[PDB]
């Protein structure tokens, strides 16, 4: 599909058995999902955005479907204001920026 940027590029994703809305974000190295009680082992991480760093839990090998496209990779879980799909997963669904 093609997504214009007149509005936030938000699509439905499936993760951990739940559907969520998430922002397709070329400016994000990582994928950051709002607090959810995901199963399994995780690793402490801190990630930096415009205003500073936040603490998140790093889950690896997480299955995530993005707008119908299956992917698997690292998902960070923590107190983010918005669900963010980052380049680590955007590459897996073959996304590009075009102009």
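Positions refer to the first chain, counted from 1.
TODO: Compare the mean C-alpha B-factor of 8-16 with that of 21-29 as given in the PDB entry, and name the stretch with the higher value.
DONE: According to the entry, 8-16 carries the higher average C-alpha B-factor.
TODO: Could you check which stretch, 35-43 or 50-58, carries the larger mean CA temperature factor in the entry?
DONE: In the deposited entry, the stretch with the higher C-alpha B-factor mean is 35-43.
Open item on the list: Could you place residue 82 in the lowest, middle or highest third of its chain by Cα temperature factor, using the values in the record?
Closed with: Ranked within chain, residue 82 CA B lands in the highest tercile.
- [ ] State the tercile, meaning the lowest, middle or highest third, of residue 96 with respect to the CA B-factors recorded for its chain.
- [x] Lowest third, going by the recorded CA B-factors of the chain.
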